[PDB]
Amino acid sequence: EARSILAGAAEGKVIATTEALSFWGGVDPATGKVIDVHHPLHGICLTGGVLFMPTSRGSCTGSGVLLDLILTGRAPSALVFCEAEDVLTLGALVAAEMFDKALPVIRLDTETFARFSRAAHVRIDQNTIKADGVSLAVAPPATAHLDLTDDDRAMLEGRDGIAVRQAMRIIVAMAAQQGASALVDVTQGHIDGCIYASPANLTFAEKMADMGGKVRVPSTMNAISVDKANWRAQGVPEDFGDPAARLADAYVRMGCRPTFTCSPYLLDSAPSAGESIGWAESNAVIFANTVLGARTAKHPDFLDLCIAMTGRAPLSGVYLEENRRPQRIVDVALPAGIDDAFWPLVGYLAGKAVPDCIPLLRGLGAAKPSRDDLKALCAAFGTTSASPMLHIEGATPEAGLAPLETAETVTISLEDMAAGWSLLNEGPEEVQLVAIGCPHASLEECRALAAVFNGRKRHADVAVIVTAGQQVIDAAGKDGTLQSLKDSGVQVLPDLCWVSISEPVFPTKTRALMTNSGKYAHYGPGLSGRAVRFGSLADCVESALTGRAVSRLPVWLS
Ligand code: FES
Ligand code: NA
């Protein structure tokens, strides 16, 4: 079978892979080249080709990256998946709805996906897809068999303005390709497209704001690409900082709260269990479903604003209880003597083992991970998987849900962990930067960082930078944690995250960095061009003191 998701026609090289790719962090919008150093397609330029991959993974920001690639002509000619997909499909949907450029997206059956992937040339139209001259019928897009309340139809008819109508059109089209049957109310939103990942990110926000866009539910804002109050004094180039600040300005104007944080679940406004929200940012989505028991799909950038403007989201995916049941079982080895570095590594490896469905992690309940531990795990899980949630037996409030009767069992062994640890430590021992706070550090994290520092001060050659939300930095000033960190030579930066940081705030002298973030360990090398080392919090501080990160497997892997 061949299903048309978004109509259109294309032709070019078959660029095929069996592993999902995040377009934000994995594809350079300036060149169209794969920059994920851990992906098989690394170094390949995707422009003009027909990309064959099972689905997407990682960042909600891939929609803005694809939209920019479409606007500059550097995009692939088309996208072929073999499973459900939202992020790239939404990006191509925004391109057709608001920007003229039709990129075709087709979902295949698995075996015709494997057959067509080993091909050399592929062509598409509204009718057919050819793999060297093996024409196959493409079934038309799925009919929207959706409920629309009277207020839904009224918004869709333009009774709340053109911006609200354009939001509803995108939501209804996304609901149609997701096979939904209705929309669902959301109580709050979290906008992720406020990162300046590409010029198109700003173009979309200004176009929605100039059409009258305003959010209907309380909506927070994710990390942005400037220290909003200080980027001019920091020497950030005007060519970058001005549109980056204007992008954040556009969403504040549309009524979003200027929280500028990728850990909104740490704010006083965090949702509770059973609450239906509309969140983007993959780590926050995963944390909201996994840890808090709230409900939100992993909404791509741009769709988050649409949901916030309407207060409505497609009733599909993990909004429904049946779709929250574990879809695969993962038996994780529990070695003795685990520290904080265990949890991001497990999340990273769990996503590689379960990249396309919801896992239940077994064998870890007695370990009692902190909220920060689960925070690091969910963030790392997001980088290697597409799923919006996971379960941890004996840790997360919904882990008792009956696994689906299709659920298979896989393992994460000690050998799996040693390979992953080495995978994330492809760098030297000399480091000039310690990167903490991806996602944004909690107050407990900043206090734990100061406790490990024990009043010492960093090596002069090693910068130590912590990214956190403004509200955490405000609280760290009250209880004295901030001054203690600055006593040790640590810089605490608001608004920015390591995903969005750039020179010169990212010190240009840096050749290698160490981080305690599994997420940034994966994305860091391609985003920064530097070598990246991964370790525990104390491994980071020791690197900060000595200038050096000892190349070694951890205590619990020896
Ligand atoms: S912006 Fe995604 S984790 Fe900080
Ligand atoms: Na991600």
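Numbers 12 to 569, taken from the authors' numbering, label the letters of the sequence shown in order. Where a beta carbon is used, it is the ideal one built from N, C-alpha and C, also for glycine.
Distance from the CA atom of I55 to the CA atom of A27, rounded to whole angstroms, is 11 Å.
As the crow flies, the alpha-carbon of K225 is around 13 Å from that of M166. Here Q502 is bridged, per DSSP, to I476. As DSSP reads the structure, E437 sits in no beta bridge.
Contiguous alpha helix (DSSP H) elements confined to the region 391-457 occur at 425-434, taking only those with 4 or more residues. Residue pairing from DSSP places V133 in a beta bridge opposite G23 and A142. For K218, the closest alpha carbon among the candidates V175, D238 and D250 is that of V175.
Annotation for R257: the continuous alpha helix (DSSP H) segment containing it runs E249 to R264.
Between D279 and the set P325, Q199 and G246, the nearest pair of CA atoms involves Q199.
The straight-line gap separating the alpha-carbon atoms of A193 and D312 is approximately 21 Å.
In the DSSP assignment, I117 forms a beta bridge with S15 and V91. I202 sits in a strand when the DSSP states are folded into three classes. For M232, the enclosing beta strand (DSSP E) begins and ends at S230 to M232. The shortest C-alpha to C-alpha distance from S287 to any of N334, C457, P275 and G304 is the one to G304.
At least 9 Å separates the beta-carbon of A106 from that of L90. For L52, the three-state secondary structure derived from DSSP is coil.
Within the same chain, Cβ atoms closer than 6 Å to the Cβ of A255 are found at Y207, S236 and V237, the five residues on either side in sequence being excluded.
With contact defined as three or more Cβ pairs closer than 8 Å, the region 547-558 and the region 463-474 are in contact. In this structure the region 470-483 lies against the region 446-458, because at least three pairs of beta carbons, one per stretch, are closer than 8 Å.
Around the beta carbon of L32, a 10 Å sphere encloses 16 or more other beta carbons of the protein chains shown; the residue is thus reported as buried. If you ignore the 5 residues before and after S424, its C-beta comes within less than 6 Å of the C-beta of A344, all in its own chain and listed in chain order. Distances between the C-beta of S70 and the heavy atoms of the ligand NA include at least one below 8 Å. Non-local beta-carbon contacts of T422 in its own chain, meaning distances under 6 Å to residues more than five positions away in sequence, involve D342 in chain order. An exposed status is given to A347, since fewer than 16 other beta-carbon atoms sit within 10 Å of its beta-carbon.
In chain order, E440, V442, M525, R544, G546, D550 and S554 place their CB closer than 7 Å to the CB of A560, counting only its own chain and leaving out the 5 sequence neighbours on each side. Sixteen is the threshold: when 16 or more other Cβ atoms of the shown chains lie within 10 Å of the Cβ of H310, as they do, the residue is buried.
Sixteen is the threshold: when 16 or more other Cβ atoms of the shown chains lie within 10 Å of the Cβ of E404, as they do, the residue is buried. Burial is judged here by how many other beta carbons sit within 10 angstroms of a residue's own beta carbon; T519 has fewer than 16 and is exposed. Excluding residues up to 5 positions away in sequence, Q199, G200, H201, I202, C267, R268, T270, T272, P275, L278 and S280 lie with their Cβ nearer than 8 Å to the Cβ of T231 in the same chain. Taking C-beta separations shorter than 6 Å and ignoring five residues to either side along the sequence, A462 has no partners in its chain.
As the crow flies, the alpha-carbon of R323 is around 43 Å from that of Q494. Under the three-state reduction of DSSP output, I46 falls in the coil class, being neither helix nor strand. With 16 or more other Cβ atoms inside 10 Å of its own Cβ, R306 counts as buried. The three-state secondary structure of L375, taken from DSSP, is coil.
Proximity of the beta carbon of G411 to the ligand NA is not indicated: no heavy atom of the ligand is located closer than 8 Å. Residues of the same chain with a CB within less than 6 Å of the CB of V48, apart from the 5 flanking positions on each side, are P536 and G537 in chain order.
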